[PDB]
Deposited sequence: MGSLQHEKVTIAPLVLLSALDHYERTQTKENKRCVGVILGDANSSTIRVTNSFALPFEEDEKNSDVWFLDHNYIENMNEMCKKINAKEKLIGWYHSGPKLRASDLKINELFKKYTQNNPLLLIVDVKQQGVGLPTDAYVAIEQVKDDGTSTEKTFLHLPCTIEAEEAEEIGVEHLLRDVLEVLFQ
C-alpha cells in the first residue's frame, strides 16, 4: 500500500476553524466549511493553515449546496503570495460528523488540490472523547467511492509550540 498513513494538524488550524464557526454565529444543525493548507506530498499529510469559505446548504435537501469557486481561487492566490510552501490540500468542516453531501463536495475540491483531497472535520463543539479532529480521504471500494479514516495527531512547529504554551500559562499555574 502507498496510501497516506496519517495526518498532523497545527493548533492554529483548530483555533481558526473554531473562530470561523463563532464569528459567523453558526447555529445548529448548520456547519461552517473552509479550505485547509499544508503539505500532502508524503505518507504524512501535514495540515498547517486554513481559510474560511462562503458556503450555503439546503436543510430540506442534502443534494443542494453552494460553494463559491471564485472565492477559493481568489483567496488561494493571496495565500500563495504570502507563503507558497502551504499548498491547497483539502477542506474542512465543523461536522461534528460526516454528512451525506461530503463525497460530492469533496469531488469539487478535487479540482483544486494536487493530492487526493483531505477532508478534515474539526468538531468545534468539542464533545468527543479524544481529539476534536477526524481526517478522511476518498477511495474506491468493492465499486463505489467511500471515505477512508486516517489517524490524526496535533503537532506544532516551534513557533506555535511557544505560542500555545504562552497562551495556556495561567491555566498551567492553576
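Residues of the deposited sequence lacking C-alpha coordinates, counted from 1, fall in the stretches 1-2, 145-150, 183-185.
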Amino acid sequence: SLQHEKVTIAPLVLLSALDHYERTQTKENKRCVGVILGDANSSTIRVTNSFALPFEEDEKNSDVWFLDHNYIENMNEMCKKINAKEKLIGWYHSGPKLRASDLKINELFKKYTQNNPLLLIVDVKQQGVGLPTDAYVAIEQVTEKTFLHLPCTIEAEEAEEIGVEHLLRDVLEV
From here on, numbers count along this sequence of modelled residues.
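For the two forms, the rigid core is made up of the largest set of C-alpha atoms that agree within 1.5 Å on superposition.
After a core fit, the C-alpha atoms in 6 other deposited structures of this protein lie farther on average from the shown form in one of 120-128 and 49-57, namely 120-128.
Compared with other deposited structures of the same protein, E144 meets the criterion of being unmodelled in at least one third of those that resolve residues on both sides. Remark: stretch with higher mean C-alpha B factor among 149-157 and 6-14 is 149-157. For the two regions 108-116 and 121-129, the entry's Cα B-factors average higher over 121-129. Considering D39, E140, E57, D134 together, the PDB entry gives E140 the largest C-alpha B factor. Ranked by C-alpha B-factor against the other modelled residues of its chain, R31 falls in the lowest third.
Among all modelled residues in its chain, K80 ranks in the middle third by Cα B-factor. Among the modelled residues of its chain, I45 has a C-alpha B-factor that falls in the middle third, as given in the PDB entry.
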